[PDB]
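Heads up, the chain below is alone and in the form deposited in one PDB entry; it's given as structure tokens.
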């Protein structure tokens, strides 16, 4: 059928290169086009899940790479978070369930995202959470053999303490930690510390269980009991996702 391959770039969605909203000339189907890499496309070709931004394909027009990705009309989770407030606890729980489904899927195929934050968690028309941007993502399991990580990747307020203290670390507890910081931000509208280091006063207060301070004071005891299990300094003692799925607040009916 003629012109079905032609796309009009209608609106800017973000900057990195850049992300533009493309509309099909014939079908009017909307897609996000990422203008820029080889690892990102390779990892994206492996992905197929309802809580992961869909990869439609790629095309190179010279030195420029075009990534055709799922357009998420609901925008970023970041913009659903009211500063210093957060969002209704039932909304945060539903987003947290969908975030866990996405992360279980990635870890199951041996992929770690390494930069989980509300800017990278997009929402479709029905407010379904989609994990976005696999530019920092890497394979941590291949031929059923786990590879320990050593590279500094991520965003300091969401990074796990072992990434700053240890030479090598397991990939999965790092993504679990960033998910707990996202959960904190959804329930309090603020990040608990600039970074998880002993030099950071806010981080020291948390390790000393001073939950009468912000952001913890704004969080109900049931989701706060979950955060006490996720934001554990020792990654070997940190709660795993199968155990998060058994948590009392995770399973609390909320309306």
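Positions refer to the first chain, counted from 1.
- Count the deposited residues lacking coordinates between residue 36 and residue 37 and you get 10 or more of them.
- The deposited model assigns a higher average Cα B-factor to 62-70 than to the other stretch when 62-70 and 49-57 are compared.
- In this entry, 124-132 shows the higher mean Cα temperature factor of the pair 124-132 and 157-165.
- Annotation for 230, 41, 186, 224: 41 ranks highest, by Cα B-factor.
- Looking only at 194, 220, 190, 198, the residue with the top Cα B factor in the deposited structure is 198.
- Ranked against the other modelled residues of its chain, the C-alpha B-factor of residue 255 as given in the entry falls in the highest third.
- In the PDB entry, residue 236 places in the middle third of its chain by CA B-factor.
There is also a form solved in complex with a small molecule; it is not shown, and the following applies to it.
- The partner is absent here, but in the deposited bound form a heavy atom of 119, alone among 119, 172, 162, 89, sits within 4.5 Å of the small molecule.
- In summary, among the residues 81, 149, 101, 153, the only one with a non-hydrogen atom within 4.5 Å of the small molecule in the deposited bound form is 81.
- For the chain shown alone, residue 96 is not a contact residue for the small molecule in the deposited bound form, no non-hydrogen atom being within 4.5 angstroms.
- Among residues of the shown chain, residue 50 is not one whose heavy atoms approach the small molecule to within 4.5 Å in the deposited bound form.
- None of the heavy atoms of residue 129 is located within 4.5 Å of the small molecule in the deposited bound form.
- Shown alone here, residue 191 lies within 4.5 Å of the small molecule in the deposited bound form, counting heavy atoms only.
- Of the candidate stretches 81-89, 102-110, 162-170, 140-148, only 81-89 has residues with heavy atoms within 4.5 Å of the small molecule in the deposited bound form.
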